[PDB]
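Residue numbers (our numbering), protein chains in the order written: chain Z, 1 to 25; chain U, 1001 to 1130; chain E, 2001 to 2129; chain P, 3001 to 3102; chain X, 4001 to 4081; chain L, 5001 to 5064; chain V, 6001 to 6225.
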Amino acid sequence: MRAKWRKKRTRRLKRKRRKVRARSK
Amino acid sequence: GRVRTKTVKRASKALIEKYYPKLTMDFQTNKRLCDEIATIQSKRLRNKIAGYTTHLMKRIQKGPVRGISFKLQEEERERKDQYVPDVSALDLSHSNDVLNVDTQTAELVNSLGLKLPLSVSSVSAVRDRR
Amino acid sequence: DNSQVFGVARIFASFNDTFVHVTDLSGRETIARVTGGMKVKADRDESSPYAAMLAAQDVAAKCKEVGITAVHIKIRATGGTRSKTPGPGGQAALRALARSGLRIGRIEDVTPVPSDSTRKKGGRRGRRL
Amino acid sequence: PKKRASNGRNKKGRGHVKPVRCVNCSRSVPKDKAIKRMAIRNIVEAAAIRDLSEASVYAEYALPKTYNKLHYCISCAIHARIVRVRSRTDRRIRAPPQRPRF
Amino acid sequence: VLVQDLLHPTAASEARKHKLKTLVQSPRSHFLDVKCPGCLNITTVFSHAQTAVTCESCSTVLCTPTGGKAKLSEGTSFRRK
Amino acid sequence: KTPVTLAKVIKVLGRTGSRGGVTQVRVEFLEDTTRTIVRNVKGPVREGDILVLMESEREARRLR
Amino acid sequence: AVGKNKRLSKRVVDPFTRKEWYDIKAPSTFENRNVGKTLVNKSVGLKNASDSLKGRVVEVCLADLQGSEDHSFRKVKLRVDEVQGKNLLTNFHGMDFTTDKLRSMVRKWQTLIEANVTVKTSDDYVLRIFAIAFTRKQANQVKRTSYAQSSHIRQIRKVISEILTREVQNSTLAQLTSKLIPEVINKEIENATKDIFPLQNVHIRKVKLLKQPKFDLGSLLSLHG
RNA sequence: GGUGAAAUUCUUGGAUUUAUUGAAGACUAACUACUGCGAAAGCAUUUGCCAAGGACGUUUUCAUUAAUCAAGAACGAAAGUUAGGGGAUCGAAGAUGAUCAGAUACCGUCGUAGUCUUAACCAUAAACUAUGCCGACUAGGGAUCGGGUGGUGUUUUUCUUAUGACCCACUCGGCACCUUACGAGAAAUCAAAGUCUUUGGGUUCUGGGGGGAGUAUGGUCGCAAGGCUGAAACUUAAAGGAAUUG
RNA sequence: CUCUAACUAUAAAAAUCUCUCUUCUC
Ligand SMILES: [Mg+2]
Ligand SMILES: [Mg+2]
Ligand SMILES: [Mg+2]
Ligand SMILES: [Mg+2]
Ligand SMILES: [Mg+2]
Ligand SMILES: [Mg+2]
Ligand SMILES: [Mg+2]
Ligand SMILES: [Mg+2]
Ligand SMILES: [Mg+2]
Ligand SMILES: [Mg+2]
Ligand SMILES: [Mg+2]
Ligand SMILES: [Mg+2]
Ligand SMILES: [Mg+2]
Ligand SMILES: [Mg+2]
Ligand SMILES: [Mg+2]
Ligand SMILES: [Mg+2]
Ligand SMILES: [Mg+2]
Ligand SMILES: [Mg+2]
Ligand SMILES: [Mg+2]
Ligand SMILES: [Mg+2]
Ligand SMILES: [Mg+2]
Ligand SMILES: [Mg+2]
Ligand SMILES: [Zn+2]
Ligand SMILES: [Zn+2]
């Protein structure tokens, strides 16, 4: 693994969860 | 691919060192010599030693060289390095009697408090690139 | 002058398909546009010296037919953004022009060079062949 | 580990340097770590200097030369034989390799 | 090194070294008495003078501004005082 | 056309080619002896031989 | 070398049979007045050859136009204006350096000084002049380099600017070329800037035309004869 | 055209290469260096204006006004985001023809958003000298840049006194370099990473095995991307540094 | 103890891999 891409995956998860929260409100 | 290995080289070199007065430039004569005067078990090794010794004979007669230093060459160097010329070539005599110096060396001589006949001259201190 | 008919060879030598394109002193009227690819079959040895040599020989024949004897060569590379470096064919074309009867004079390096213009092709890490 | 004291860059006090593009591989690279060779060359080789000479008016021409300053990358330079991987104790010798033609 | 008289160094050492480094620091500058070519009025001038020191008698410059010691008027006469 | 040319090698320039069988040779033409050219030749060669060329314009470089 | 897609989105004629030759004569200031020959299509009214010729440019080394080899590195552009018949008259267009000398004298360990200026000449010609200078090792150097301080470049650059301003605004392009042939202006610059720094090998680069008044037929007639 | 090769794509409506030009936008080669400046990011055409700054010089002035910095603040590469001005090259996403078993990757031809700007944000980079700042000292040698000193120095000629540019010698300050250990460390190596078990000059900030993870949540700033602050449950006996030999 | 000159030019494709790791005092 290369920490760049792990951070990219984590930020993708962050974006997905933030969009879910925005749709929830 | 024949390179005349260490043993033959050292044996022939020692033969040179100890026997050069009694050696010639002819392969057959040195072959008979080295067979009679140095115990060699095998004929092939004897012949190789004789060949290398003859090659070194031709080399030495061509001129004294590295490594080989026997009695005659050492005596020649002894009588040749004891060479002493005539008057010392400094002697205040050669190169326009009363030799040239520089002003700073002149004042060294003056500060020493000795005579040391002198001839002052500047330097034109320009530093050439060269 | 010795009653000579001057011309300009002005070779353009990229790393592929060396060009030989002679014109008059005014530079506008073209003679013998035949190039390296004209005289080779592979379409990939165009940069090879053979293509340039045959092109130069045919140019020389055309020049002898039209009267231009002495030449003023202007060697050019692609230059500009691309590598600033002369191609291999153009020099052989120049030599072939030299052999075949014609005369030379004032060979020039007319490589177009920029003063850092043109953010150019390749990307950050560049070619990755 | 510290491979080279000068970091193999030769910047050491500039912060940032303007990038330059490689001649062959077109890689952007800091201009100091952009190994550079002054390709100063005669416009034709000796195999054609004669050929041009007898086919030349203006006898004894100056035969003008072509100059260029190749700014390689490092990958092309090591691949295209310009720079050679030398031994550890020989890295610290920065003089050109002993008078190419003597 | 390793054995010195820092208290009695050679005068050459005093001269060569930068000031503020001597045992006691004394400014390398000095004061000079200078005669203007026009009027005989003598004037006292600091070696590294800053402003153009015209004589009070007449508008004749005696020193010119410079990073180091001021440059004179090429005709006036200076003596170290 | 029969522009066959003859050239005597004066120096053997080692041996070139990945195969290790082709020789670079510096041949001076028998006609116009003042001119010399280097060319590639396949087969055994020694200096002093005289060799045949269909083309004499082509300069031969190393065969990679 | 055979065929191609030929995405068209015999009737051949000879190129040279319908073509004809013309001669070029240089301004009388130049030494070797005969320049060479140029190829034209055959003269047919309604687009006569005269319309095509006037405006062309001929690109010739200065050593050719003088005879000696000391002018090898220079290279003059001439503009085709008047057609006499079997011979055409050309006015001065521009003058330049060959790239080889320029690249040769731009070496390391000596910074260059460039001086650009845009000046009207004596009569009406708007021109642009470049000046290239290089620092010189004094013949006692032990420091291996001859960099100049930006103040020195400022002074030398300005001085060259007024030097060119005077030498162009005072005399016309013909007299300008008269000064240009024996490069008196170069040694003038070297002398005028000698007190700043040695400044090896100053030269005038890319004498570039910008604008011309109307035609001045009489000027051309006086130029050639 | 382009390449290891191959087409993709433009071509007698004459493509490509020619000569003049013109257009817009971009950058500022070659000089360009173990070289300059700045707090850092960074900064390279000319000229004017605007203020600013270090170093040097200073027998000028105040006399502790200082250093580091929690809280607070200003700058802060690229990429990103708003709108408006641009619109050339180049080019993420896409469109294409090759490579391969497959290739929406590497080679190649178009190509939006972006690169360029004006206001508004964002504040992160391998922002690296992976070395915090201010101090003092310790070892020799060269050069380099800025400044100032002496040269009865040389080139310069405006007869010549003045400049300038060099040569020498000295000094102050900066990027650095070479030899070396007599010190240091684990070693690479360092003239600072020394003056440290002979442990003490003043100071801020960081870390306590590795994964979990710079993740969950709570704040906090931002329109947005996300930035700062920031654990545990659990799991593991190693992960890691340096050099040595294959 | 006076010395500042010569140069060339390649990047086709190439993926994967099972046990079994242990012993130095006289
Ligand atoms: Mg590779
Ligand atoms: Mg490594
Ligand atoms: Mg390097
Ligand atoms: Mg066309
Ligand atoms: Mg500078
Ligand atoms: Mg700085
Ligand atoms: Mg520049
Ligand atoms: Mg804080
Ligand atoms: Mg941006
Ligand atoms: Mg926009
Ligand atoms: Mg594909
Ligand atoms: Mg793609
Ligand atoms: Mg691959
Ligand atoms: Mg691509
Ligand atoms: Mg494109
Ligand atoms: Mg950070
Ligand atoms: Mg850090
Ligand atoms: Mg820091
Ligand atoms: Mg932990
Ligand atoms: Mg983690
Ligand atoms: Mg948050
Ligand atoms: Mg390791
Ligand atoms: Zn490269
Ligand atoms: Zn007075």
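Just so you know, even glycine gets a beta-carbon here, dropped at the ideal spot from N, CA and C.
What first and last residue would you give for the beta strand (DSSP E) that runs through residue i?
| i | result |
| --- | --- |
| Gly5014 of chain L | 5005-5016 |
| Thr4043 of chain X | 4042-4046 |
| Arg5026 of chain L | 5022-5029 |
| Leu4032 of chain X | 4031-4035 |
Which residues share a DSSP beta bridge with residue i?
| i | result |
| --- | --- |
| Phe6130 of chain V | V:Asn6116, V:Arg6205 |
| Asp6096 of chain V | V:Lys6075 |
| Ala2070 of chain E | E:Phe2006, E:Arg2103 |
| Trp6021 of chain V | V:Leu6039 |
| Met3038 of chain P | P:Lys3069 |
Does the beta carbon of residue i sit closer than 9 Å to a beta carbon anywhere in chain E?
| i | result |
| --- | --- |
| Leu6089 of chain V | no |
| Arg5058 of chain L | yes |
| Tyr3058 of chain P | yes |
| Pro3064 of chain P | yes |
| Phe6097 of chain V | no |
| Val3083 of chain P | no |
| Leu6065 of chain V | no |
| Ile6113 of chain V | no |
Work out the CA separation of residue j and residue i for me, nearest whole Å.
| i | j | result |
| --- | --- | --- |
| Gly1051 of chain U | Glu1076 of chain U | 27 Å |
| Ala3055 of chain P | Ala2055 of chain E | 18 Å |
| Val3083 of chain P | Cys3073 of chain P | 11 Å |
| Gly2123 of chain E | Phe2012 of chain E | 27 Å |
| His4030 of chain X | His4018 of chain X | 16 Å |
| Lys5042 of chain L | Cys1034 of chain U | 52 Å |
| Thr2023 of chain E | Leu2102 of chain E | 15 Å |
| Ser6150 of chain V | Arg3037 of chain P | 28 Å |
| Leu1045 of chain U | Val1087 of chain U | 56 Å |
| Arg1010 of chain U | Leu1072 of chain U | 19 Å |
| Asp6096 of chain V | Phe6130 of chain V | 10 Å |
| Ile2031 of chain E | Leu2025 of chain E | 11 Å |
| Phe6197 of chain V | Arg6136 of chain V | 8 Å |
| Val6002 of chain V | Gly5017 of chain L | 33 Å |
Does any residue of chain P bring its CB to less than 9 Å from the CB of residue i?
| i | result |
| --- | --- |
| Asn2002 of chain E | yes |
| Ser6104 of chain V | yes |
| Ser6072 of chain V | yes |
| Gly2126 of chain E | yes |
| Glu6069 of chain V | yes |
| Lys2084 of chain E | yes |
I'd like to know if residue i contacts chain V, where contact means its C-beta is closer than 9 Å to some C-beta of that chain.
| i | result |
| --- | --- |
| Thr2078 of chain E | no |
| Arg2028 of chain E | yes |
| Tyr3067 of chain P | yes |
| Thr2111 of chain E | yes |
From which residue to which residue does the alpha helix (DSSP H) around residue i run?
| i | result |
| --- | --- |
| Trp6109 of chain V | No alpha helix (DSSP H) contains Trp6109 of chain V, which DSSP labels as neither H nor E. |
| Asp1026 of chain U | That residue, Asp1026 of chain U, is in no alpha helix (DSSP H); it is neither H nor E in DSSP. |
| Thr5036 of chain L | Note, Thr5036 of chain L: premise wrong, no alpha helix (DSSP H); beta strand (DSSP E) at 5036-5042. |
| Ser6219 of chain V | 6217-6223 |
| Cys6061 of chain V | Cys6061 of chain V -> not in any alpha helix (DSSP H); beta strand (DSSP E) instead, spanning 6057-6061. |
| residue 1180 of chain U | Nothing can be reported for residue 1180 of chain U: it is not among the residues displayed for chain U, which extend from 1001 to 1130. |
With 9 Å as the threshold, decide whether the Cβ of residue i is near any Cβ in chain L.
| i | result |
| --- | --- |
| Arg2044 of chain E | no |
| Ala2061 of chain E | no |
| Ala2092 of chain E | yes |
| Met2053 of chain E | yes |
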